[PDB]
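build me a structure from this.
(chains A, B, C, D and E)
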Amino acid sequence: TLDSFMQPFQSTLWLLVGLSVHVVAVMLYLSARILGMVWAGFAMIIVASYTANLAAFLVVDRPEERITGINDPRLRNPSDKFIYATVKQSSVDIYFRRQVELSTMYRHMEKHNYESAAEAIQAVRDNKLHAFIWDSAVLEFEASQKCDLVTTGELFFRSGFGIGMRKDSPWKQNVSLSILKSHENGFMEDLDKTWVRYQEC
Amino acid sequence: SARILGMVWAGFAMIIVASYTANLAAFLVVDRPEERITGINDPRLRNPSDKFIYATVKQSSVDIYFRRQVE
Amino acid sequence: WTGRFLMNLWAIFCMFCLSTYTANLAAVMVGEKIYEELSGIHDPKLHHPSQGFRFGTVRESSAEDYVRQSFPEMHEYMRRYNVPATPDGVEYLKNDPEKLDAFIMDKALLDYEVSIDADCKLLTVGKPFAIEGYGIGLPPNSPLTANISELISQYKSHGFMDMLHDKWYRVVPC
Amino acid sequence: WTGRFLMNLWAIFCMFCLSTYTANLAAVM
Amino acid sequence: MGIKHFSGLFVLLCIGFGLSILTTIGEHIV
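Numbers count the residues shown, from 1 in each chain, chains lettered A, B, ... in the order given. Please see the structure below:
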């Protein structure tokens, strides 16, 4: 909020104004009308300039923080302030060693890296890394309970948590029928409300 | 009550002047129409209007090709 | 002494107040984006009726049949807000005065019909709920009941849907 | 009368000019 | 350019004050 008044180096302007006022007083003590008019005009001009500079500084706010997507500019050359860590030896590493274009990306993911979800999400609180790359439901849940960090960004690399069954197994169809009839009959929404999302946040 | 009324009126005039100055400065900063048409993917060059009737000489080289693209 | 202190305090306060007012006006005029806000499907904005909104759907169409028989308390609260077609629906909302104010219809058609309107007045809101899936319907056990299946699976796995999905759903910035 | 009106007009012109100058200074920033 | 403008204003004010003082001194005996 409006607190960086001294950060704008207003001390130098204040000192210059004080010195000029002292000089004007000395000159008037030592013609006075012209000097007084000059001082008044200088004060008005300085007021206008200070107001303009304050407005310009207020315009700048360092916006466009957080993140937008996976193809957004920041995620194509990490300098040193976006060291984002995957969770090496997962499916995620495999998926970053088989998408050719992402090569440079992958390189820096093989810099500082973790060996468990727990220490990772803790380090997000430890304020070193500024990102994380790991699947969806776990993330939204973790964001819910430990109401410290909000999910963001879009989705990519879609998929579906099916129910697996042996090839041409005797129930190859009936489970499909039931899952559809449920999946439209307002069941998954009920279960999702009761288990996957919370409201402490 | 003359002094209080005068002080209040002067404050109101100063507030009005400050608001007017702020609005004028914002309007001056805002004005930047420019934005000439650019290419093949533009909001102006993606949908019709009445202010952008653009043409091309009929039955000639461009128009034939520029018809097959179902996209 | 007292007069000088009072004058200095008054001048400093006036200068600071003018600067703060200028900053507040700059902030107020430098950005604005609010619109409305809907959290999801369960929000009491529509789940709890509030003196008769519109939020219309498409009669007997794909997504009405969900709320047909899962929240059976409010079908009468749709009934008079269902214009037949889709595109006349989407324009029925933009050509203000207000006639409708929310719209329930399958995602793909919506996301298309927001992306050729440079007026930019519309936007997808909220998070997805429920699911469906399109397909090609065949007569009762025609011979090509699986050749299409393996072929279209091969198409999808190949990387062919991407070509198309780029070719049509162009996302142009308003 | 005449002097007061002239002074008020000069003040209004000066205020408009100062506002324009401040706006220009902000724009050039 | 704010520092440059401030310095220019200060220089102009100093020159004007000096010229006014010199003129007043000259006209005092004139």
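
for chain C, which helix is longest?
helix C:2-29 (DSSP state H).

buried ones in that one?
Using 16 or more other CB atoms under 10 Å in any protein chain shown as the test for burial, helix C:2-29 gives C:18, C:19, C:21, C:22, C:23, C:25, C:26, C:29. Heads up, the C-betas are built off the backbone N, CA and C, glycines and all.

one more: stretch A:2-22?
Buried-residue list, stretch A:2-22, by 16+ other CB under 10 Å: A:13, A:17, A:20.

among those, which are in helices?
Per DSSP H, the buried residues of stretch A:2-22 map to helices at A:13, A:17, A:20.

the residue nearest to the last one when sequence neighbours are not counted: how many residues sit nearby?
What it means is residue A:20. Nearest residue to residue A:20, sequence neighbours excluded (CB to CB, 6 or more residues apart in numbering or on different chains): residue E:10, at 6.4 Å. The tally of other residues near residue E:10 (other CB atoms under 10 Å in any protein chain shown) stands at 15.

number of residues surrounding residue 131?
Using chain A here. 17.

not quite, go with chain C.
11.

surely it is in contact with residue A:183?
Yes. With contact defined as CB atoms under 8 Å, residue C:131 counts as touching residue A:183 (6.3 Å).

list the contacts of residue C:117.
B:47, C:94 (CB atoms under 8 Å, 6 or more residues apart in numbering or on different chains).

so does stretch C:45-60 get close to chain A?
No. Stretch C:45-60 stays out of contact with chain A when judged by CB under 8 Å from any CB of the partner chain, the minimum separation being 12.0 Å.

swap that for stretch C:121-135, sorry
Yes. Counting by CB under 8 Å from any CB, contacts between stretch C:121-135 and chain A involve C:129, C:130, C:131, C:132.

so which residues of chain A form helices?
A:10-29, A:32-59, A:91-95, A:103-109, A:117-126, A:136-145, A:174-184, A:187-195.

cool, chain E as well?
E:2-28.

for it, which residues are neighbours of chain A?
So chain E meets chain A at E:2, E:5-6, E:9-10, E:13-14, E:16-17, E:20-21, E:23-24 (CB under 8 Å from any CB).

can you flag the buried ones in the residues you listed?
E:6, E:9, E:13, E:16, E:17, E:20.

contacts only, for residue C:30.
Contacts of residue C:30 (CB under 8 Å, 6+ apart): A:58, A:59, B:26.

still on that earlier bit, closest to chain B among the buried residues of stretch A:2-22?
Nearest to chain B among these: residue A:13, at 20.0 Å, using CB to the nearest CB.

residues in contact with that closest one?
Contacts of residue A:13 by CB under 8 Å, 6+ apart are A:46, A:50, E:6.

10 Å instead, please
Residue A:13 makes contact with A:46, A:49, A:50, A:53, E:2, E:3, E:6, according to CB atoms under 10 Å, 6 or more residues apart in numbering or on different chains.

relative to chain B, which of the residues you listed is nearest.
Out of the contacts of residue A:13, the member with the shortest distance to chain B (by CB to the nearest CB) is residue A:53, at 12.0 Å.

how about the closest one, what does it touch?
Contacts of residue A:53 by CB under 10 Å, 6+ apart are A:8, A:10, A:13, C:19, D:25, D:26, D:29, E:2.

with residue C:102 instead?
C:36, C:38, C:45-46, C:53-57, C:81, C:93, C:125-126.

residue in chain C nearest to chain E?
residue C:19 (15.9 Å).

circling back to that earlier point, pick the one among the contacts of residue C:30 closest to residue E:29.
residue A:58 (55.2 Å; CB to CB).
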